[PDB]
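**Student:** Here you go, this is protein_36.pdb (PDB, N, CA and C atoms).
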ATOM      1  N   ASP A  52     -28.574  56.813 -29.903
ATOM      2  CA  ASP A  52     -27.426  56.720 -30.833
ATOM      3  C   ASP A  52     -27.815  55.912 -32.111
ATOM      4  N   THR A  53     -27.069  56.161 -33.194
ATOM      5  CA  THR A  53     -27.122  55.363 -34.429
ATOM      6  C   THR A  53     -25.594  55.257 -34.846
ATOM      7  N   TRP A  54     -25.109  54.117 -34.439
ATOM      8  CA  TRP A  54     -23.676  53.737 -34.413
ATOM      9  C   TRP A  54     -22.949  53.424 -35.742
ATOM     10  N   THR A  55     -23.734  53.082 -36.746
ATOM     11  CA  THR A  55     -23.308  52.964 -38.159
ATOM     12  C   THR A  55     -22.849  54.311 -38.818
ATOM     13  N   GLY A  56     -23.478  55.456 -38.488
ATOM     14  CA  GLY A  56     -22.973  56.798 -38.863
ATOM     15  C   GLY A  56     -21.672  57.261 -38.159
ATOM     16  N   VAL A  57     -21.556  57.020 -36.849
ATOM     17  CA  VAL A  57     -20.290  57.192 -36.060
ATOM     18  C   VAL A  57     -19.098  56.324 -36.603
ATOM     19  N   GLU A  58     -19.388  55.041 -36.855
ATOM     20  CA  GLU A  58     -18.494  54.104 -37.562
ATOM     21  C   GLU A  58     -18.050  54.591 -38.971
ATOM     22  N   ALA A  59     -18.996  55.017 -39.813
ATOM     23  CA  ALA A  59     -18.719  55.675 -41.104
ATOM     24  C   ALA A  59     -17.820  56.942 -41.069
ATOM     25  N   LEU A  60     -17.896  57.775 -40.010
ATOM     26  CA  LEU A  60     -16.927  58.879 -39.788
ATOM     27  C   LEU A  60     -15.475  58.384 -39.503
ATOM     28  N   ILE A  61     -15.265  57.374 -38.631
ATOM     29  CA  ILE A  61     -13.905  56.798 -38.409
ATOM     30  C   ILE A  61     -13.345  55.941 -39.599
ATOM     31  N   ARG A  62     -14.182  55.365 -40.490
ATOM     32  CA  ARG A  62     -13.698  54.733 -41.751
ATOM     33  C   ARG A  62     -13.131  55.752 -42.798
ATOM     34  N   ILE A  63     -13.722  56.954 -42.943
ATOM     35  CA  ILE A  63     -13.112  58.056 -43.742
ATOM     36  C   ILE A  63     -11.797  58.606 -43.076
ATOM     37  N   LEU A  64     -11.761  58.801 -41.747
ATOM     38  CA  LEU A  64     -10.550  59.279 -41.031
ATOM     39  C   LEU A  64      -9.310  58.332 -41.103
ATOM     40  N   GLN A  65      -9.478  57.000 -41.027
ATOM     41  CA  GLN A  65      -8.371  56.045 -41.313
ATOM     42  C   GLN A  65      -7.974  55.930 -42.820
ATOM     43  N   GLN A  66      -8.916  56.113 -43.766
ATOM     44  CA  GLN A  66      -8.622  56.230 -45.221
ATOM     45  C   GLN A  66      -7.777  57.483 -45.609
ATOM     46  N   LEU A  67      -8.104  58.678 -45.094
ATOM     47  CA  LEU A  67      -7.256  59.903 -45.220
ATOM     48  C   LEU A  67      -5.800  59.822 -44.598
ATOM     49  N   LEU A  68      -5.621  58.977 -43.586
ATOM     50  CA  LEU A  68      -4.332  58.623 -42.945
ATOM     51  C   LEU A  68      -3.505  57.636 -43.819
ATOM     52  N   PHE A  69      -4.152  56.550 -44.287
ATOM     53  CA  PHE A  69      -3.630  55.642 -45.342
ATOM     54  C   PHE A  69      -3.127  56.386 -46.632
ATOM     55  N   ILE A  70      -3.955  57.314 -47.120
ATOM     56  CA  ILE A  70      -3.639  58.298 -48.189
ATOM     57  C   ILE A  70      -2.416  59.210 -47.852
ATOM     58  N   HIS A  71      -2.351  59.787 -46.640
ATOM     59  CA  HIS A  71      -1.165  60.541 -46.144
ATOM     60  C   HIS A  71       0.163  59.719 -46.083
ATOM     61  N   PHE A  72       0.128  58.437 -45.685
ATOM     62  CA  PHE A  72       1.309  57.538 -45.770
ATOM     63  C   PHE A  72       1.722  57.127 -47.226
ATOM     64  N   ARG A  73       0.765  56.886 -48.134
ATOM     65  CA  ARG A  73       1.040  56.540 -49.556
ATOM     66  C   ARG A  73       1.644  57.723 -50.387
ATOM     67  N   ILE A  74       1.039  58.921 -50.317
ATOM     68  CA  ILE A  74       1.549  60.154 -50.986
ATOM     69  C   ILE A  74       2.860  60.683 -50.306
ATOM     70  N   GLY A  75       2.937  60.721 -48.961
ATOM     71  CA  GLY A  75       4.197  61.003 -48.239
ATOM     72  C   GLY A  75       5.383  60.036 -48.418
ATOM     73  N   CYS A  76       5.151  58.754 -48.759
ATOM     74  CA  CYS A  76       6.238  57.824 -49.179
ATOM     75  C   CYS A  76       6.887  58.189 -50.553
ATOM     76  N   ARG A  77       6.056  58.490 -51.569
ATOM     77  CA  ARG A  77       6.532  59.067 -52.856
ATOM     78  C   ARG A  77       6.864  60.608 -52.885
ATOM     79  N   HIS A  78       6.918  61.256 -51.716
ATOM     80  CA  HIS A  78       7.420  62.642 -51.542
ATOM     81  C   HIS A  78       8.769  62.585 -50.765
ATOM     82  N   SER A  79       8.688  62.282 -49.461
ATOM     83  CA  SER A  79       9.856  61.972 -48.613
ATOM     84  C   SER A  79      10.140  60.446 -48.602
ATOM     85  N   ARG A  80      11.426  60.085 -48.727
ATOM     86  CA  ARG A  80      11.927  58.676 -48.704
ATOM     87  C   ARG A  80      11.639  57.952 -50.072
ATOM     88  N   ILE A  81      12.271  58.450 -51.148
ATOM     89  CA  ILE A  81      12.129  57.875 -52.522
ATOM     90  C   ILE A  81      13.325  56.895 -52.750
ATOM     91  N   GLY A  82      14.477  57.516 -52.953
ATOM     92  CA  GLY A  82      15.792  56.860 -52.961
ATOM     93  C   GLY A  82      16.818  57.814 -52.332
ATOM     94  N   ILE A  83      16.746  57.953 -50.995
ATOM     95  CA  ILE A  83      17.480  58.980 -50.193
ATOM     96  C   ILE A  83      16.997  60.399 -50.610
ATOM     97  N   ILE A  84      15.757  60.694 -50.191
ATOM     98  CA  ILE A  84      15.137  62.045 -50.247
ATOM     99  C   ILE A  84      14.617  62.284 -48.784
ATOM    100  N   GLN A  85      15.575  62.391 -47.851
ATOM    101  CA  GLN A  85      15.307  62.390 -46.386
ATOM    102  C   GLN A  85      16.452  63.119 -45.622
ATOM    103  N   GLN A  86      17.713  62.656 -45.732
ATOM    104  CA  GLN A  86      18.908  63.408 -45.245
ATOM    105  C   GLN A  86      19.368  64.360 -46.383
ATOM    106  N   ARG A  87      19.811  63.806 -47.530
ATOM    107  CA  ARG A  87      20.057  64.588 -48.758
ATOM    108  C   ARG A  87      18.749  64.617 -49.585
ATOM    109  N   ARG A  88      18.226  65.824 -49.811
ATOM    110  CA  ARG A  88      17.113  66.070 -50.770
ATOM    111  C   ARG A  88      17.752  66.676 -52.050
ATOM    112  N   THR A  89      18.193  67.944 -52.000
ATOM    113  CA  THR A  89      19.055  68.561 -53.048
ATOM    114  C   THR A  89      20.459  68.874 -52.423
ATOM    115  N   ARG A  90      20.514  69.607 -51.298
ATOM    116  CA  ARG A  90      21.744  69.793 -50.481
ATOM    117  C   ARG A  90      21.879  68.631 -49.452
ATOM    118  N   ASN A  91      23.124  68.221 -49.160
ATOM    119  CA  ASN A  91      23.406  67.091 -48.228
ATOM    120  C   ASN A  91      23.358  67.564 -46.747
ATOM    121  N   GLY A  92      22.406  67.019 -45.976
ATOM    122  CA  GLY A  92      22.192  67.411 -44.566
ATOM    123  C   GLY A  92      20.875  68.170 -44.391
ATOM    124  N   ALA A  93      20.915  69.489 -44.636
ATOM    125  CA  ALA A  93      19.694  70.325 -44.737
ATOM    126  C   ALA A  93      19.021  70.197 -46.135
ATOM    127  N   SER A  94      17.731  70.571 -46.236
ATOM    128  CA  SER A  94      16.980  70.526 -47.527
ATOM    129  C   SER A  94      17.612  71.423 -48.634
ATOM    130  N   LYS A  95      17.714  72.746 -48.405
ATOM    131  CA  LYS A  95      18.509  73.649 -49.270
ATOM    132  C   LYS A  95      19.129  74.715 -48.323
ATOM    133  N   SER A  96      20.448  74.614 -48.103
ATOM    134  CA  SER A  96      21.231  75.663 -47.413
ATOM    135  C   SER A  96      22.530  75.872 -48.229
TER
END
Output the file's structure in the form of structure tokens.
**Tutor:**
Amino acid sequence: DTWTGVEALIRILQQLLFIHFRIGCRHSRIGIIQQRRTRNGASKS
């Protein structure tokens, strides 16, 4: 084994997850963009 390369694969995988929480916070959950987005309850019905 060479464990520094295995470690380097899990450091990119937790960075892409950190990125998914930062971009998903400014998409869903801005100032009530979760229950009411455009229509109240469903997204658009």
**Student:** Separation of atom C of residue 94 (chain A) and CA of residue 79 (chain A), in Å?
**Tutor:**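 Taking atom C of residue 94 (chain A) and CA of residue 79 (chain A), their separation equals 12.2 Å.
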**Student:** To one decimal place, how far is CA of residue 81 (chain A) from CA of residue 96 (chain A) in Å?
**Tutor:**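 Between CA of residue 81 (chain A) and CA of residue 96 (chain A) the gap works out to 20.6 Å.
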**Student:** At what distance in Å, to one decimal, does atom C of residue 77 (chain A) lie from atom C of residue 93 (chain A)?
**Tutor:** 16.9 Å
**Student:** Please report, as a PyMOL selection string, each residue of chain A to which DSSP assigns alpha helix (DSSP H) when run on this structure's backbone.
**Tutor:** chain A and resi 54-76
**Student:** Please determine an axis-aligned box that encloses all atoms of region 61-75 of chain A listed in the file, with 3 Å added on each side, and express its centre and edge lengths in Å to one decimal as AutoDock Vina command-line options.
**Tutor:**
--center_x -4.9 --center_y 57.9 --center_z -44.7 --size_x 26.6 --size_y 12.3 --size_z 18.6
